[PDB]
Amino acid sequence: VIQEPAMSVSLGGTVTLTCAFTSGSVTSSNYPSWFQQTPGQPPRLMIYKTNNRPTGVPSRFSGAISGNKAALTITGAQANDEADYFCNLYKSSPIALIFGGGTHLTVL
Amino acid sequence: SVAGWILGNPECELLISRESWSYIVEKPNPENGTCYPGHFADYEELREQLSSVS
Amino acid sequence: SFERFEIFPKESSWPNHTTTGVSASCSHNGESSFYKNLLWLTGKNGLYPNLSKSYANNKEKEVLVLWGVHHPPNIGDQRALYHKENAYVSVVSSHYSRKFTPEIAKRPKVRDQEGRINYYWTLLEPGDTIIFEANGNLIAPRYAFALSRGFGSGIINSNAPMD
Amino acid sequence: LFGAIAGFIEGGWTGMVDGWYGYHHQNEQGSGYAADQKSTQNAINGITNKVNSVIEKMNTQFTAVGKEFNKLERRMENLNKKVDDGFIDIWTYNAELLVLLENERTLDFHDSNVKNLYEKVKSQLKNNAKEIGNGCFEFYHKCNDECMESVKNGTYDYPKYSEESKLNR
Amino acid sequence: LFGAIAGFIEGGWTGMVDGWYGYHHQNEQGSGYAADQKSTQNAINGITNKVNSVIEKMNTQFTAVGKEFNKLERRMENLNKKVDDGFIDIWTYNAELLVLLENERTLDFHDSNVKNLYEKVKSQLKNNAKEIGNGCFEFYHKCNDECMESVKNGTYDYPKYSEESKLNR
Amino acid sequence: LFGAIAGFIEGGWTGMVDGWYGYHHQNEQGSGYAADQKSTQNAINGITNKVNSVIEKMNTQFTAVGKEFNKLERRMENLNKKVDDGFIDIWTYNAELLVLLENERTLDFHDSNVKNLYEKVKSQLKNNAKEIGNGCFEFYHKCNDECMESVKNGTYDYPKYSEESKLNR
Amino acid sequence: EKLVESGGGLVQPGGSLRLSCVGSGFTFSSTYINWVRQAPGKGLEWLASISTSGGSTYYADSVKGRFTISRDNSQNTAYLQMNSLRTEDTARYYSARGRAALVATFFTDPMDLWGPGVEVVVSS
Amino acid sequence: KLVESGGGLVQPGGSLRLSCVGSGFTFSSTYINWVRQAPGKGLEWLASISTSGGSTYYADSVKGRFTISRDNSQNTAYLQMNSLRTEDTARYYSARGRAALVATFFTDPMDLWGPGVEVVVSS
Amino acid sequence: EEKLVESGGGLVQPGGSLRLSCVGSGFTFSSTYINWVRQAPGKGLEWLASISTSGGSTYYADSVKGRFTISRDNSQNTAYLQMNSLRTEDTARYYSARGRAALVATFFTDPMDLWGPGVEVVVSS
């Protein structure tokens, strides 16, 4: 599972993070879940099942499948959105849950 | 009230005598009951037994 | 709501009766005492005057009034306590009327006592009165309780911790 | 009742760890287990509604069951005992029978869901696939991951693969 | 439960206003909506019987619920309140759950009726008709109003049109 | 509900006196009736469990229903009558509705069993037997008693009679 | 709702260590329990999971054969038994509950409730 | 029974509103139909309304000019007549549909009829 | 204490008639099939007739078809076997057997678990 190492967005802008497999396609059957972590606080669940927002999550966090790759979109990024974002993918052939590398978002 | 009707209250005699009834219609907090103050022994039993008469 | 109030003040009321009735059965610490809500009346100066004491309910709530009638074991105790040998207790109200006559009988010793005291209670509606008339064998009320019933409940018989 | 859970699909799949019902596919690109999210979610919603209907339908007011009577009041002791025993008997019988019957109903619901899924996939693949029993369907045409996802979604293109299937039939 | 009302027949027919279940046909002589009298009448009889069983099975005797007790008799009032509240709770729970389960069973009954009618028409037209999905059959032969009426009634003549269907298939 | 007992099978058999469900075969060696022991035994076990669930779930404690009240205790007698009448009404309604609903469910269960037996036999003999409609299959090959017993048991050998059926199909 | 992790500390290479995870505020016998570690400077790594009754246990290939996951529903605690520890196991170990529905619990339940974590150091 | 009212003499091009009131039966469990009969001609079905009033049907002759409504609280069904012509002079009846307890359909037989209301369109 | 008792047998002339009664106690008689079996003095058993629980279904062997009629009286807990046109070959001991009936189903093939002591019928001049 490959994520972009780091990307940056401006205040009030829109950024789209990406999660993808090394040798396959990301579908809704992989149940992508996104997590936000500020070192060294515990990870916080952001988006699960590609479109579900837990209570307390700001409405600006949205997800979708953008092809063979999972995508998390932040519309109107604020200063508190500067953190590390991880993607959990579910693989069924070995029955495992795989975390992504992690992407550092820099709000400018 | 049932007490006033069954005791024969002077100010509650306009009621037409009836031979039988199925139930009793009564007002909440009736005005004319026992004109002379006192205690009515076994009142609720009397109201229960007088509810329906053949 | 609950309110323990003195229906008959001990000092003010009972000027012709002794209010120091005390029994060894109701023992606090090592000394002999009595109920905290009842008053034992014994004749003063060798005679027991007739008493007629009344209370009016102005608390806008029901008042629980408790009292008792003393039954000496032998005629000697009754004569030595109330002076008469045929005493009478009368308690009257707009919805409660009862007359008590002392019963002189010998009963098995319970708590080192042969005579018994029968305890009675009544509920006074707002704007009601109660009259106590007796010439002996009266355990007069001292503190009454003003209460308002709230729904229905019960008594749990248990020894569990309370938290 | 519908002959699917223990009928022509003999056993369950311990490898599908993400849904009540689903698919097992095998092609050149690989094999794996996947679950039909729509059917599983509908079943979950239905069962949640059933359980909440059974649970939250019981609204009880404040009351005390205990009552005290003296030795000179035995008809009231026995009347209270009769009331309590009758209520306990009614509630026990109703609860037992209710759970017993809705267990059947839930199992039949799952059986119907599996059977309907099987019928849907049969309808999509009219004669481009051969039935082998065991809930499985062998393809007369090469089938890739895109086509498997089309069958799972419900957008299988029958006219696209009709000629190859007819040749291989 | 049978995959017909919300299964392969997605929507109902607003223009078929003479029954619950029925047919829609289209030939050269014209098109129209008709209802199956037998299935609709049986469904009506069954649902009427069910409603009457629910309603008229409640036989109640003459009784008065109200009861008055004085201040010195509260164990009496509390027992009466317990009896009344328990009866109310039992009846509320039973009525609500009965209505829910009976609604489910009625919907399943209608689904089964539609599915059985479709299966009957399928069994009549063995291979003289093509299934398009949506519950609809395309004939391999010319089907005039008499033939449509025979299909509706249950007196379809397979051997009469077998040769023409084979030629056109 | 499944269209088997009164659907494509119009009536039952009086000559099959050994079970609830079964087969009737006709070949050169003769004809006769038989019963499917597996399905009949499963149905018997299920119905016995249902009847015992209805019966044994009612556990009653020792009680006396009669009470005596003097003429000055009338509210008492009215409360006792209310309790008894309410319990009788609840039990009558529950018993009647319960019997009606299980009477529906048992017949539905038998329908499902017969339809599942038909579907199992249908799956085994694929294009090796045509469907004559009312519950029978016409073999395209010579079927001896051993082959019939294989069909009933569940171990039919389609490849063995595939070619002979193809030549006659 | 709270998950608190215990255990951990300095362990010699090749030793053993048991990590606890006590949950409060929710029914512990109605959700999956997951173990995730984060190395000092690297990303998260899923390690193991356990079913509600403990019947089903899943492990990653990195720690298969060395780690054993257990559960004690009566005591509201879940355990991670670490064996044959190497210096590459030095990480902060979190415990994550799966958002489970009332009627069904699955291995793919989202990890919504986490814990503060415990630091495990494997060094000589 | 059913009783209709609200007719009389109306100039051509005028407006009229008929009203039928049902008693002795539940008015919300049956269909309501309106027919008219010319002095020397036969019956002519005009409009029908469902039990809840959601479904409404008309004949081609009066479609676009007549509107049929319901008021179940007042146990009354209405027939509003717009752009009346001389050809609309007839006796207007109200007919209820025999409905089953479990199902009501547009093809329910018309078993109950009102006395009728005479409508005259003339100058 | 389940048991069956047979009665009504004896010595009859050829061409005569005889009626046998099978009374059962200890079990519900209206819930089991009732069968009749005879055994000749020195030969094997021979199934004769059977009757359903309600008496609606009746079965007979080929040898006694048309001459033997089996009835049932559930109120009196008895089952009957009327034999007519008796012959010398009918000299045998007649048993009554009931079928082991399940709570939910009764069938003609229910095993004959409870038998009676039997009665003796002799046909001679």
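Chain identifiers are assigned alphabetically (A, B, ...) following the order of the sequence lines, protein sequences preceding nucleic acid strands; residue numbering begins at 1 within each chain.
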Check whether any side-chain N or O of D:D18 sits under 3.5 Å from a backbone N or O of G:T108 as a donor-acceptor pair, and report yes or no.
no
What do the steps show when you test D:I47 against D:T106 for side chain to side chain contact (heavy atoms under 4.5 Å, CB included), and what is the final call? CA-CA 8 Å; D:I47 300 302; D:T106 299; 3.7 Å; yes
| message | Could you tell me if A:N68 and A:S25 have a donor-acceptor pair between their side chains, going purely by distance under 3.5 Å? | response | yes
Value for OG (A:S8) from CG (A:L105), rounded to nearest 0.5 Å, stands at 8.0 Å
Notebook entry, point to check: Heavy atoms, side chains only, cut-off 4.5 Å: are G:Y93 and G:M82 in contact?
Noted result: yes
Rounded to the nearest 0.5 Å, the CG atom of F:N49 sits from the CG atom of F:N45 at a distance of 8.0 Å
dist D:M16:CE -> D:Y33:OH (nearest 0.5 Å) comes out at 8.5 Å
Item to complete: Run the numbers on G:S49 and G:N34 for side-chain hydrogen bond (donor to acceptor under 3.5 Å, both in side chains), then give the verdict.
Response: CA-CA 4 Å; G:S49 172; G:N34 309 303; 3.1 Å; yes
### Task
Take atom CD of D:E164 as the centre, draw a 6.0 Å sphere, and report whether it contains more than 12 heavy atoms from other residues, nucleotides or ligands.
yes
Separation between CG (G:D112) and CE (A:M46), nearest 0.5 Å, reads 13.0 Å
Closest non-hydrogen atoms of A:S93 and D:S31, given as atom of the first, atom of the second and distance, are CB-O, 4.5 Å
Distance col, row G:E119:CD vs G:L10:CG, nearest 0.5 angstrom, shows 11.5 Å
Using the ring of D:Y158 (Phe, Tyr or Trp, six-membered ring only), decide whether D:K126 places NZ or CZ under 6.0 Å from its centre and within 45 degrees of its axis.
-> yes
Report yes if some heavy atom in the side chain of A:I2 is under 4.5 Å from a heavy atom in the side chain of A:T22; otherwise report no. yes
Does the gap between the ring centers of G:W46 and G:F107 come in under 6.0 Å? yes
When rounded to the nearest 0.5 Å, the distance separating CG of D:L117 from OG of D:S39 is 5.0 Å
Exercise. Are side-chain N/O atoms of D:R105 and D:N103 paired as donor and acceptor at under 3.5 Å?
Worked result: no
With A:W34 as partner, the option from A:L45, A:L72, A:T50 fulfilling side chain to side chain contact (heavy atoms under 4.5 Å, CB included) is A:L72
Between G:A48 and G:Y59 the two heavy atoms that sit nearest each other are CB-CD2, 3.7 Å
- When you look at CD of F:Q37, are more than 12 heavy atoms from neighbouring residues, nucleotides or ligands closer to it than 6.0 Å? no
Residues A:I95 and D:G15: closest non-hydrogen pair is CD1-O, 3.4 Å
Kindly indicate whether a cation-pi arrangement holds for G:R97 with G:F26, taking the cut-offs as under 6.0 Å to the six-membered ring centre and within 45° of the axis. yes
**Request:** Answer whether the closest heavy-atom distance between the side chains of A:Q3 and A:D84 falls below 4.5 Å.
**Result:** no
Discussion item. Keeping D:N27 on the side-chain end and D:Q29 on the backbone end, is there a donor-acceptor pair under 3.5 Å?
Written reply: yes
Practice task
Determine whether the aromatic ring centres of G:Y32 and G:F106 lie less than 6.0 Å apart.
Solution key: no
query: Does NZ or CZ of A:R53 lie under 6.0 Å from the centre of the six-membered ring of A:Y48, at an angle within 45° of the ring axis?
result: no
Correct closest heavy-atom pair for F:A43 and F:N113 would be CB-ND2, 3.7 Å
Smallest heavy-atom separation, A:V26 atom then A:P32 atom, equals CG1-CG, 4.2 Å
>> Test your reading of the model: is there a side-chain donor-acceptor pair from A:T38 to the backbone of A:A83, 3.5 Å cut-off?
In response: no
No-hydrogen, no-angle side-chain donor-acceptor test under 3.5 Å, A:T103 and A:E4: no
Query raised in the report: With no hydrogens and no angle check, is any side-chain donor or acceptor of G:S51 less than 3.5 Å from a backbone partner on G:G55?
Result: yes
*Please check if any side-chain donor atom of A:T18 sits under 3.5 Å from a side-chain acceptor atom of A:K69, or the reverse.*
no
Notebook entry, point to check: Would A:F99 and A:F35 count as a close aromatic pair, with their ring centres under 6.0 Å?
Noted result: yes
Practice item. Answer yes when F:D157 and F:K160 have at least one side-chain N-carboxylate O distance shorter than 4.0 Å, and no when they do not. Key: yes
Is G:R37 reaching over with its side chain to a backbone N or O of G:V120, donor-acceptor style, under 3.5 angstrom? no
query: Taking 4.0 angstrom as the limit, do D:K50 and D:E102 come out as a salt bridge?
result: no
Check: Does a sphere of radius 6.0 Å around NZ in A:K49 hold more than 12 heavy atoms from other residues, nucleotides or ligands, not counting ones at 6.0 Å or beyond?
Finding: yes
For the aromatic rings, using the six-membered ring if either is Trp, is the centroid distance between D:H25 and D:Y23 under 6.0 Å? no
Exercise for the section: Indicate yes or no for a side-chain donor-acceptor contact from G:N76 to the backbone of G:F28 under 3.5 Å, with no hydrogens or angles considered. Expected result: no
Between G:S95 and G:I33 the two heavy atoms that sit nearest each other are OG-CG2, 4.1 Å
Beyond-backbone contact of D:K130 with D:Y140, side-chain heavy atoms, under 4.5 angstrom
yes
>> Under 6.0 Å between ring centres: does that hold for D:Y118 and D:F2?
In response: no
| message | I'd like to know if the side chain of G:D72 reaches the main chain of G:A78, judged simply by a donor and an acceptor atom lying under 3.5 Å from each other, with no hydrogens or angles considered. | response | no
D:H110 and D:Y21: side chain donor to acceptor below 3.5 Å
yes
CA sep, side-chain torsions, deciding dist, call: D:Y156, D:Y161, ring pair (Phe, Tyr, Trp, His ring centres under 6.0 Å): CA-CA 10 Å; D:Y156 176 72; D:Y161 309 101; 5.8 Å; yes
- Message: If we ignore hydrogens and angles and just use 3.5 Å, is the side chain of G:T90 paired with the main-chain N or O of G:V121 as donor and acceptor?
- Response: no
Can a side-chain donor-acceptor contact be found between G:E45 and G:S62 if the only test is distance below 3.5 angstrom?
yes
- Query: Is the shortest side-chain N to carboxylate O distance from G:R66 to G:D89 below 4.0 Å?
  - Reply: yes
key: Note, G:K64 side chain near G:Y58 side chain (heavy atom, < 4.5 Å)   = no
Counting N and O atoms only, with roles assigned by atom type, does the side chain of D:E10 sit under 3.5 Å from a partner on the main chain of D:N134, one being a donor and the other an acceptor?
-> no
Review point. Quick one: are A:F86 and A:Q37 in side-chain contact, heavy atoms under 4.5 Å?
Key: yes
field: Pairwise side-chain contact, A:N30 with A:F21, heavy-atom cut-off 4.5 Å (strictly under)
entry: yes
Pair G:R18-G:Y79, side-chain donor/acceptor within less than 3.5 Å
no
Under 3.5 Å, is there a donor-acceptor pair linking the side chains of G:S16 and G:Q81? yes
*Do A:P94 and G:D61 have side-chain heavy atoms sitting under 4.5 Å apart?*
no
